[PDB]
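In structure tokens, one chain follows: the form deposited in one PDB entry.
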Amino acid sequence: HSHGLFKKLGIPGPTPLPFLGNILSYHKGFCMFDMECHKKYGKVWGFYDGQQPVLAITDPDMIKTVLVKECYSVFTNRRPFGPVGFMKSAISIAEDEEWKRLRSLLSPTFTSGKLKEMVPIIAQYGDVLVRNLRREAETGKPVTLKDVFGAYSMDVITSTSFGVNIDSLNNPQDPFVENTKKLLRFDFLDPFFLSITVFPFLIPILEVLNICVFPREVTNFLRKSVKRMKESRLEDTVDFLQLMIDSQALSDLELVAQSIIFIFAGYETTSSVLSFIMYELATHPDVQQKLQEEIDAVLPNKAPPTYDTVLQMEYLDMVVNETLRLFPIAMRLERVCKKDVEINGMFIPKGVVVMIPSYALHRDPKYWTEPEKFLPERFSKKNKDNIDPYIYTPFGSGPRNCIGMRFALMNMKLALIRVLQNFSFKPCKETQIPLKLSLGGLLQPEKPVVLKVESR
């Protein structure tokens, strides 16, 4: 048993059980477990995912060292998670040299120039989202946001990876829609991933059986989807595909891996955050009116948002950020400790997963006044400098942060601008209040957010 380590290092934690470790404590969610631990062990503590020692850390300096300083030398990778197949090459999964190589090649993809070039595209599906919303605002029946936002999010993804101009909501049965939709993942507390942690010694076994967490089903029709366009569309002579093609040491059957992860990364994420935001504005009509006014002051007479226009919206940026404080989609940030180290006084042995509890740190009394309340003013220029960048980490930090940050932000904002210009979102009878979060390992709502939509 490796279960003696935190006792021996003099680190407090909940007492692990044989084989299971502390996993049974997840029955309440990463979220309440991390908050409880913080509350009763203080700044630093230790637990076991099966036989895997995880060290939680909460000190801004120490986090900065793990996330930003010793990233390259010591804390380079995330923890392996289950049988991954060819997706071992995807940037967010890759390790060491291979990761450093991929992050360089793909960095040019997420530049402001490429992003400004992507505006007219993502924006054009703002109009579709509106159109679509306009029909359902005439029904007067509760809208399921995550579904309307889902279609928008797919729509924006497809289009910025080799223009696949699909009206995703109203082409429910299109090859690109059906596959992509199914790439809704991953819950690391579901039955499957649970066993993966009580039995990591089973991963080698499933890998050799070709069993993959990214279901073979989906990855198949994308490997093949990509193969023909990549060859045909530029044989006759503005998207991630092109940007990728041009920069060719980037292997063929690694480009597919990047392509899949950008779908898997923006699809469920952009749509979830957006839902959480529209929930927040509905249950906060004041904020929503304040927002609609900012937008109308900047873009008078429903004028179409632009790149520069979007950045100019102080209050929009504040609403987005607050929503991310309350519902960070990562929940935790993790790095594997590559060799023995001494960071800000304390010793980390090689092999330990070092873990920063974002969801918990985002809700900590030491840093936030009335931390349960949705209050966008915390992010106004008056108060924002009191906000520590290593407590508030919705996009991680350091060399291994979210490569898609500015794209995520811009995308989401463009959706909000076009949507708020045209509609108001009011809660109805089916709407859950206060919103309850899911007990799983994906931070999402128990019941899908349903809201009344009214035409301005």
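We call the rigid core the largest set of C-alpha positions that still match within 1.5 Å between the two forms. Quick note: we count residues from 1 along the sequence shown, nothing fancier.
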Over the set of other compared entries for this protein, does residue 242 lack coordinates in at least a third of them? no
When the other PDB entries of this protein are compared, is residue 100 left blank in at least a third of them? no
Do any residues of the deposited sequence lie unmodelled between residue 237 and residue 238, and which range holds their number: none, 1 to 3, 4 to 9, or 10 or more? 4 to 9
As recorded in the PDB entry, how many deposited residues are without coordinates between residue 248 and residue 249: none, 1 to 3, 4 to 9, or 10 or more? 4 to 9
Could you check the entry and say whether 291 to 299 or 111 to 119 has the higher mean CA B-factor? 111 to 119
322 to 330 versus 365 to 373 - greater average Cα B-factor per the deposited record: 365 to 373
Highest Cα temperature factor in the entry, among the options 76, 92, 386, 259: which one is it? 386
Per the entry, which of 427, 60, 29, 394 tops the list for Cα B factor? 427
Classify residue 271 as lowest, middle or highest third according to the C-alpha B-factor given in the PDB entry, relative to its own chain. lowest
Lowest, middle or highest third: where is residue 359 by C-alpha B factor in its chain? lowest
Would you please rank residue 125 by its C-alpha temperature factor against the other modelled residues of its chain and give the third it falls in: lowest, middle or highest? highest
Quick tally, chain-level thirds of C-alpha B-factors: residue 155 sits in the middle
Is the Cα B-factor recorded for residue 434 in the lowest, middle or highest third of its chain? highest
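There is another form of the same protein, the form deposited in another entry; it is not shown, and what comes next is about it.
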Using the rigid core as the fixed frame, list which single one of 212, 320, 352, 360 shifts its Cα by at least 2 angstroms between this form and the one not shown. 212
Threshold 2 Å Cα movement between this form and the one not shown for residue 150, core superposed: no
Core aligned, does the CA of residue 84 move at least 2 Å between this form and the one not shown? yes
Look at the CA atoms of residue 448 and residue 215: state whether they lie closer or farther apart in the other form than in this form, given a difference of 3 Å or more. farther
